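Q: Let me begin by handing over the structure; questions about it come next.
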Amino acid sequence: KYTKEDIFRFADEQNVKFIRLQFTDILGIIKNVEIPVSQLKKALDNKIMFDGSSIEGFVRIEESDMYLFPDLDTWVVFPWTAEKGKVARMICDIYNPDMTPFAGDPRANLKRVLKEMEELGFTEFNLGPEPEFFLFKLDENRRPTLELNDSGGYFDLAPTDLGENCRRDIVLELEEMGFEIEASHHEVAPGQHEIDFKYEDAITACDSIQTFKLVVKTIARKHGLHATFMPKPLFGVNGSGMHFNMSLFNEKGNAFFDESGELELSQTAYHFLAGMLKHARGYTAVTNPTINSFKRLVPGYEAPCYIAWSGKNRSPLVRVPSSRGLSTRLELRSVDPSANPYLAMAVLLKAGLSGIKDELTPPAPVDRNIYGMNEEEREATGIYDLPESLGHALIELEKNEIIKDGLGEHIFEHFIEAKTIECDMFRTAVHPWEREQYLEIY
Amino acid sequence: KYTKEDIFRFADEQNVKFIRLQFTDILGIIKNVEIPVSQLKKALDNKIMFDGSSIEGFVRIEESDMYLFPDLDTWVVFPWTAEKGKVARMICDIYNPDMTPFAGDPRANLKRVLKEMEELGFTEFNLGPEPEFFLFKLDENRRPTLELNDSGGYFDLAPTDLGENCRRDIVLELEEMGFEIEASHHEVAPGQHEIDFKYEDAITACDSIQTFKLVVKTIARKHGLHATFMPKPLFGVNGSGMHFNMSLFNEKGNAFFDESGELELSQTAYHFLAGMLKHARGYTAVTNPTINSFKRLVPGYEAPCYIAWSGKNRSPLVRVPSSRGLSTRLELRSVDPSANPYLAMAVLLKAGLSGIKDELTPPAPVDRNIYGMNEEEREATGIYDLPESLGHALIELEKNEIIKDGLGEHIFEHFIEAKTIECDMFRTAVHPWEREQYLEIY
Amino acid sequence: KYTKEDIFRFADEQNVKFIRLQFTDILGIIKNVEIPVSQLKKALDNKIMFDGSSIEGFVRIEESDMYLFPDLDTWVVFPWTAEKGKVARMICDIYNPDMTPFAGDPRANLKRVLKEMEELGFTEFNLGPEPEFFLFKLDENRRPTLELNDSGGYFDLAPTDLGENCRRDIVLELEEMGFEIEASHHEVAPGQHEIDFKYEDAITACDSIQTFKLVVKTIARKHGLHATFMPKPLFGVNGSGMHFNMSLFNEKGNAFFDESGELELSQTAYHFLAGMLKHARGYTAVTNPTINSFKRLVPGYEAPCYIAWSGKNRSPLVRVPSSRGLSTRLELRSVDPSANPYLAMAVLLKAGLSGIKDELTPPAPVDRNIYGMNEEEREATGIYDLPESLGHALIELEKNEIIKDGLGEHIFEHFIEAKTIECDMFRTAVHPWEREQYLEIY
Amino acid sequence: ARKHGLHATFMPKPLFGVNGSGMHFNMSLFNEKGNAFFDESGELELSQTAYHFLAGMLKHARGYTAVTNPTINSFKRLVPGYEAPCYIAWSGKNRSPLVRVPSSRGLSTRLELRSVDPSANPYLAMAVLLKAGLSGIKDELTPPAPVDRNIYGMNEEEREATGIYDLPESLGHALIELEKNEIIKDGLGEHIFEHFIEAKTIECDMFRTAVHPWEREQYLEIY
Ligand SMILES: Nc1ncnc2c1ncn2[C@@H]1O[C@H](COP(=O)(O)OP(=O)(O)O)[C@@H](O)[C@H]1O
Ligand SMILES: Nc1ncnc2c1ncn2[C@@H]1O[C@H](COP(=O)(O)OP(=O)(O)O)[C@@H](O)[C@H]1O
Ligand SMILES: Nc1ncnc2c1ncn2[C@@H]1O[C@H](COP(=O)(O)OP(=O)(O)O)[C@@H](O)[C@H]1O
Ligand SMILES: C[S@](=O)(CC[C@H](N)C(=O)O)=NP(=O)(O)O
Ligand SMILES: C[S@](=O)(CC[C@H](N)C(=O)O)=NP(=O)(O)O
Ligand SMILES: C[S@](=O)(CC[C@H](N)C(=O)O)=NP(=O)(O)O
Ligand SMILES: C[S@](=O)(CC[C@H](N)C(=O)O)=NP(=O)(O)O
């Protein structure tokens, strides 16, 4: 671990000129603030505060002021404009102005739910994310246009992948930022891109996740493209969802690796599935917290629509990678990069770990393509259907009170509040699919 | 009633050059077929075949041939086809090859549930609608637009209102045709106008409805304008509702009249309220069948949001006009001019007179503004809420037995299938609302 | 008098075909509704109901429904709809669902405040108005631009006055709608037009005022010209003010002409001035009920700016024209055509009758040029300065609990309501004038 | 800004319905290497010289605004909802009040007024606030209560029971309050209060006489 004494030798050796003090509000939207190195020694004394009332979902105006205490192991110098003034950043968690951890800080909400796997004896909650994104041209006045960069397919090549050295430029800025990057490839739908990096422990992947979107949204705009993580920006082509690959660890042993059980899988792992597969209706308001992603959760675009699992199959809610061993993991296909990568782990760990204290006997793997089975056979197995909209997905969580509890209270309260606001916002609005279909006809 | 012999020689007296047999699909789309006075008999003798296969709501293509039997009492000439192409009109009911009348004919279903008030003593089922519409300008193309013939308000004057000379040439287009036009004027929302008339027998009022829709559609663009009966084409302005006044008649007496009361409303009337009010949540998917409809069903826009009633008050679902005389009526305002007239009367009768066959008791008339009630202050007075989406109001129809059987076995089967796939395109497409809200921020 | 029998009779004579039942809301905004001759008898029976809640200032929704009682003396055929659908108008009064009038009806309020002379003995209260209006060009698509039709001056000739045969035709439709037209001409500011008509009694001159604007607005937009009665649409030019020429009568004796006192004015005449002269600080929220009219009230454009009077002089708040006899009158110039004439009347009556039963020593004529006396010399006489804005006008009214009594309480409680939400609307807005002077300058 | 393509404005309210720009005024005095507001071991750590400074400004608030919000436009910012001080009051770590007390004290204790946009004349704003704020210590004035709730959510005549009145509504309204203030006037100068009260009245006059487009939009078509 890093101390306050080796941060002085990264401001002075690396010759940075600023430190960006970042964090994430409830909605998964990173917000940061920039200080001259002249103040470095004040932030590290934790004496730095902001307006809480304007961070969406934190605190009300009568007690606005709130504290910022930096995290030290998260230091990463910035490899873009570094001659102008080299930049640094330290991310962290927010305290209320009494030196108490804020309950609206999602990070702290993850570190609270992380202490519930030490009593159960687990040393790391590893996660590998695959945040799939799109790339759109920028118009003459730098305003993102409806045209995508390329018309490419899956795993395609020049001349049919215009973000070739564009993605390349992303991977390099990540490489400089201590990353260990797995693969770089175009994806199924036109303009769809994926860039794979190795898993880290729970809160360092969330860290390396919200870190990831900034490297792509700025660096794509140096190639003239606007990157987006909206789940289904285009109707009719593969939405871009952020697959969550998770594994539990126990003293250098992956607790999910046991080559005896039917699929070379362990018992703490089969148990973990049903931990999610019964409360999956619950958290698909957390893990899919946007009106748009309920357009991705519709069948046929290698996105999950029903609650089941299988080995190697890219139809169901859980897919078991044909590779195993230490790289053993459980892939959850419903999370999309419009989720909050902190609220996700707390909401999925508790949901998951709920199936180690009871373990609730997971079902049989639907080992077909689950897209094309009738309502007469979705019934036959008993596979729950996934929430139609956010309207339904919300009431399906205030009923799962193990998920409501992996959310604290503050974070739950401001959420069903906010997402019923957006959900009600959109239900009353007349957008022009209803004018075409009905105006000219009735 | 009209004769088969005084219509054949009703041509040589006005020189009628063509005849239009017309009927109604499952949606409210007045169909047609034009034929000369040449063929006058062959239609009168009900040997006018056609294809139900392509008409939405009728038989499949392996048994497609169907016949037209006119209802010779419905006879007018249009006052625009003058001496060149003088057009006659009837309205047909549908029958099979076996000449068994058709099992999905919407005008049969109403003609059929019209004698279920017969077996308990009622002369006529009175209906008088107040259908609002919106008026849009045109272009060089002679096609619709987004701007409305005037920016006006309730009752305003020319120049602030600009259909002033439109609706005049509209009404006295129906006035020739045989209507008792009560009022023409400009309703609340700009470009939205109301023309209403005196009540009529159930089939012959809704016979007179499809006349008013067509006639308004036609005389509108003769004056350069577009005539939409869309329920909610714009945001923030009053919807367009096809108001429902109705009343039951018995031996020269309005069965709702209570000659010398302080309520002037019989307990047979009072029972009809609970008749619908109870089944309200079940047949409103027929009172507002389009996905846009439910965006008009919201507070503030003089439109019912809650199942409740009050007197001389235009917030509650059922308004009680304080003019009674014989003109006594209960006015359900939860309809917009998209529902099928020959079937929202069936599915409003089959339920409302089940409030008398079962003799239920209507709740407290809540003579406050119902919108003003707190989220749960109206949870105490029991006034619950209308269905949210067409998806939610569709489930509620499939379950209600009362209105399901006042709808037909072939009409409910081929109406639930469409509105789900009509509801499904809506759920699966993405609308520009969402790139506006999600693209550049996630 | 005009009985219901002559008017049934009147119809079949001229071949009128529609009936227009009009009325004035709280603000001056003439509303109406159109019905055929077929319902003329449902009108005269006083059995036509309308919407109370969507007319501004009337009533709430919880008791929406209200009735319409025709006044049959106002009957005039609208001459501009020759032969096709002829029309004819009548000016109604409002009664509740209990056949009792509306305490908020602006016509019944004038009626009420008129009975206060019936007990102090006055036959008639004459009023002769001078509604000056502006004319603007139109666009190609029938939408009023900001150019004026002519750059003329006071009284100028063609062709320095494009609307010469606009006013000419304006006068003619009035000459067949029962008007005795006094004079036609051009006004001070370019594109301005004054057409005077001889006085009528209190509630007939108001009716003939509102009939004037319906006929100047309509006829002018038949000249490709938009007519406005804004008090000052342009800055820097003479506003348009609708002068009030009122006179009181006693037994064919104008109670103001008694050829003795200092200007052949009577005791009742001089006395009358006193009431308004002090009280004027309370009624220029009614007589000038619009922000744009306090831009009119600046000095130097023949508009009153301080409360004083003089003879033949156009500077002070009350001019007496040097003509007398039955031509004896008083002229208040504080009123602009942007006010409610009935409410203006109900307000200036109790504010002039109070100058009869106390009579309060009307001040001596300020026979100078009132714009050319400094603030030292305003304070010299003690001449009150007119209220600065609409906000300053409102609060200076609610202290006059005798002018609030000329309104009633339904009327007053709604008028201060709206003008407070409206005067609030402009106080908060950020309009172009402010960006100009402050953005590139600060 | 112009070296990097853009135009910079300090206009207090160049749009509608969004937060305005404002020159917060965090003030503190010093006494012989000492922060005159610090009471190292108080309950509020707020010296009874801080409180008397609080009263000083909060009493004269209504009348020295025309020196701190001199533009007609400044009063288009003094409205609720946009973190702008609308009523004369004070509380801690709360952004609704006129005077906000930020929680961190150390040696850096402050009471923060938020009713100044970067349009006022700082050389003269301080002269106004020292004069009339040390008028509450020299007069040992006692402050009104903290209202430690968000002030905008208080009823129309509610804040009258708790005694908190409101700030001037318009420049005219604010100017009268100054002309009737002698504490800040003599803390302002005789050549300055003379050339300043003649200067903003015409500037407020122009605003009053001219017709804005809002009046042609609203009233041309209907009226
Ligand atoms: N044992 C593991 N635990 C957690 N995450 C893992 C593990 N193995 C791989 N991952 C994650 O899987 C991601 C790679 O996904 P990808 O190659 O697209 O697999 P697939 O195509 O099968 O979905 C990497 O980002 C990595 O972090
Ligand atoms: N006895 C009755 N039965 C059915 N409908 C009636 C009866 N009496 C009046 N009506 C209807 O009331 C309606 C009145 O229209 P309108 O005056 O616009 O109503 P509203 O006051 O709700 O706007 C007419 O359409 C008429 O058909
Ligand atoms: N005795 C009277 N009572 C009421 N009004 C009168 C009387 N004599 C004249 N008037 C009014 O004076 C108006 C003439 O207006 P105008 O010629 O513009 O005079 P001025 O230029 O002084 O305003 C007429 O409209 C008429 O109604
Ligand atoms: C086959 S795909 O699986 C396409 C992903 C899809 N668009 C989705 O996320 O739903 N992605 P990957 O194999 O990299 O996990
Ligand atoms: C003034 S309104 O009252 C407006 C209600 C709205 N048009 C609706 O029914 O959606 N209806 P009506 O005048 O026909 O009674
Ligand atoms: C000379 S004027 O007097 C114009 C009045 C002024 N322009 C105004 O109303 O602002 N009107 P009139 O001669 O009819 O009395
Ligand atoms: C977040 S804000 O707190 C908003 C201030 C407000 N816009 C104003 O007008 O002063 N002010 P700051 O961060 O400068 O203390």
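Note on naming: chains are A, B, ... as they come in the structure tokens, residues start from 1 per chain, ligands start from 1 in the order shown.
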Please check which protein, DNA or RNA residues sit within 6 Å of ligand 3, counting only C-alpha atoms and all ligand atoms, and write them as number ranges by chain.
A: C: 126-130, 196-199, 245-247, 321, 326-329
Q: As a ChimeraX atom specification, please: the residues near residue 21 of chain B (cut-off 12 Å, only C-alpha atoms, same-chain neighbours under 6 positions excluded).
A: /B:30-37,39-40,42-44,46-50,67-72,74-76,87-94
Q: Those residues you just picked out, can you put them in a file as a JSON list (two decimals), in the first residue's frame with C-alpha atoms?
A:
```json
[["chain", "number", "residue", "atom", "x", "y", "z"],
["B", 30, "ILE", "CA", -64.67, 3.50, -41.81],
["B", 31, "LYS", "CA", -64.21, 1.37, -44.91],
["B", 32, "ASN", "CA", -66.04, 1.75, -48.21],
["B", 33, "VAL", "CA", -66.74, 0.39, -51.62],
["B", 34, "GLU", "CA", -68.18, 2.53, -54.38],
["B", 35, "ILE", "CA", -70.58, 1.11, -56.99],
["B", 36, "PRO", "CA", -73.03, 2.76, -59.44],
["B", 37, "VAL", "CA", -76.78, 3.11, -59.25],
["B", 39, "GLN", "CA", -76.08, -2.10, -59.30],
["B", 40, "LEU", "CA", -78.69, -0.73, -56.88],
["B", 42, "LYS", "CA", -77.61, -6.44, -56.28],
["B", 43, "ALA", "CA", -76.48, -4.61, -53.14],
["B", 44, "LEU", "CA", -80.03, -4.24, -51.79],
["B", 46, "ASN", "CA", -77.10, -8.58, -50.34],
["B", 47, "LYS", "CA", -74.96, -10.24, -53.00],
["B", 48, "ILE", "CA", -72.06, -7.79, -52.69],
["B", 49, "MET", "CA", -69.13, -10.03, -51.87],
["B", 50, "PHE", "CA", -65.75, -8.70, -50.79],
["B", 67, "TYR", "CA", -71.13, -10.53, -47.89],
["B", 68, "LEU", "CA", -72.62, -7.07, -47.35],
["B", 69, "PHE", "CA", -76.20, -6.60, -46.15],
["B", 70, "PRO", "CA", -77.14, -2.89, -46.04],
["B", 71, "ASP", "CA", -79.14, -1.32, -43.21],
["B", 72, "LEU", "CA", -81.43, 0.61, -45.52],
["B", 74, "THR", "CA", -78.95, 4.60, -42.97],
["B", 75, "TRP", "CA", -79.37, 6.63, -46.17],
["B", 76, "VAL", "CA", -77.94, 10.08, -46.95],
["B", 87, "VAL", "CA", -73.40, 9.80, -54.10],
["B", 88, "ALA", "CA", -75.75, 7.67, -52.01],
["B", 89, "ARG", "CA", -74.73, 6.04, -48.75],
["B", 90, "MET", "CA", -75.69, 3.09, -46.60],
["B", 91, "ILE", "CA", -73.98, 1.25, -43.75],
["B", 92, "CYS", "CA", -73.70, -2.52, -44.00],
["B", 93, "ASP", "CA", -73.52, -5.29, -41.46],
["B", 94, "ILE", "CA", -71.35, -8.33, -42.14]]
```
Q: What does the distance between atom CA of residue 324 of chain B and atom 25 (O, counted along the ligand's line) of ligand 2 come to in Å, to one decimal place?
A: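 Atom 25 (O, counted along the ligand's line) of ligand 2 lies 13.5 Å from atom CA of residue 324 of chain B.
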Q: Taking only C-alpha atoms and all ligand atoms into account, report as a ChimeraX atom specification which residues have an atom no farther than 7 Å from an atom of ligand 6.
A: /C:130,187-188,194,238-243,296,301-303,314,333,336
Q: Which residues are near residue 271 of chain A? Cut-off 9 Å, only C-alpha atoms, ignore same chain within fewer than 3 positions. Put them as an MDAnalysis selection string.
A: chainID A and resid 266:268 274:275 352:356 358:362
Q: Contacts of residue 365 of chain C at 8 Å or less, counting only C-alpha atoms, minus same-chain residues fewer than 5 places along, as a PyMOL selection string?
A: chain C and resi 308-311
Q: Keeping C-alpha atoms for every residue in the selection just given, could you write it to a file as a compact mmCIF listing (two decimals), in the first residue's frame?
A:
```
# COMPACT_ATOMS: atom_id res chain seq x y z
CA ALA C 308 -54.19 66.72 -11.99
CA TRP C 309 -56.62 68.42 -14.36
CA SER C 310 -56.95 71.43 -16.65
CA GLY C 311 -59.23 72.81 -19.35
```
Q: Please measure the separation of atom CA of residue 379 of chain A and atom CA of residue 288 of chain A, giving the value in Å to one decimal.
A: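 Atom CA of residue 379 of chain A sits 23.9 Å away from atom CA of residue 288 of chain A.
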Q: Which one is closest to chain B: A:350, A:279, A:142, A:167? Count only C-alpha atoms.
A: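 Under the stated criterion, the closest residue is A:142.
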Q: Which distance in Å separates atom CA of residue 90 of chain D and atom CA of residue 146 of chain D, to one decimal?
A: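 Straight-line distance from atom CA of residue 90 of chain D to atom CA of residue 146 of chain D works out to 5.3 Å.
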Q: As a tab-separated table (two decimals) with C-alpha atoms, in the first residue's frame, please: the residues near residue 101 of chain D (cut-off 10 Å, only C-alpha atoms, same-chain neighbours under 4 positions excluded).
A:
```tsv
chain	number	residue	atom	x	y	z
D	26	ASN	CA	-16.03	35.33	3.00
D	46	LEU	CA	-18.03	31.84	17.00
D	90	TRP	CA	-28.19	33.19	8.35
D	91	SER	CA	-27.28	29.57	9.09
D	92	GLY	CA	-24.35	27.17	8.89
D	93	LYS	CA	-23.07	24.87	6.10
D	94	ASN	CA	-26.30	25.78	4.31
D	95	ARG	CA	-26.50	27.52	0.94
D	97	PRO	CA	-29.32	31.84	3.68
D	105	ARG	CA	-12.85	26.89	11.13
D	109	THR	CA	-12.97	30.57	10.29
D	110	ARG	CA	-15.34	32.68	8.23
D	111	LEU	CA	-18.90	33.90	7.94
D	112	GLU	CA	-19.84	33.91	4.26
D	113	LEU	CA	-22.28	36.34	2.66
```
Q: Could you list the protein, DNA and RNA residues that have any atom within 6 Å of ligand 7, counting only C-alpha atoms and all ligand atoms, and write them as an MDAnalysis selection string?
A: (chainID A and resid 51) or (chainID D and resid 19:22 24 83:84 114)
Q: Those same residues - N, CA, C and O atoms - I'd like them written as a short mmCIF file (atom, residue, chain, number, x, y, z; two decimals), in the first residue's frame.
A:
```cif
data_model
loop_
_atom_site.label_atom_id
_atom_site.label_comp_id
_atom_site.auth_asym_id
_atom_site.auth_seq_id
_atom_site.Cartn_x
_atom_site.Cartn_y
_atom_site.Cartn_z
N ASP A 51 -19.60 21.47 -2.48
CA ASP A 51 -21.05 21.60 -2.34
C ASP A 51 -21.67 20.22 -2.53
O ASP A 51 -21.62 19.66 -3.63
N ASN D 19 -28.70 28.46 -12.37
CA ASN D 19 -27.92 29.16 -11.35
C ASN D 19 -27.22 30.38 -11.93
O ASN D 19 -26.70 30.35 -13.05
N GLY D 20 -27.21 31.47 -11.15
CA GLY D 20 -26.51 32.67 -11.55
C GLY D 20 -25.11 32.74 -10.97
O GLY D 20 -24.74 31.97 -10.08
N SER D 21 -24.33 33.68 -11.49
CA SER D 21 -22.96 33.87 -11.05
C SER D 21 -22.90 34.87 -9.91
O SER D 21 -23.62 35.88 -9.91
N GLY D 22 -22.05 34.60 -8.93
CA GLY D 22 -22.03 35.41 -7.73
C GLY D 22 -20.73 35.43 -6.95
O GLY D 22 -20.14 34.38 -6.66
N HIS D 24 -19.16 35.43 -3.92
CA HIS D 24 -19.24 35.14 -2.50
C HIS D 24 -18.27 36.02 -1.72
O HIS D 24 -17.19 36.36 -2.20
N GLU D 83 -29.59 28.55 -5.59
CA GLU D 83 -28.55 28.72 -4.58
C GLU D 83 -28.17 30.19 -4.42
O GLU D 83 -27.01 30.53 -4.18
N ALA D 84 -29.16 31.07 -4.53
CA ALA D 84 -28.96 32.49 -4.41
C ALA D 84 -29.70 33.03 -3.19
O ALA D 84 -30.85 32.63 -2.94
N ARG D 114 -23.43 35.76 0.59
CA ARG D 114 -23.50 35.29 -0.78
C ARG D 114 -24.38 36.16 -1.67
O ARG D 114 -24.85 35.68 -2.72
#
```
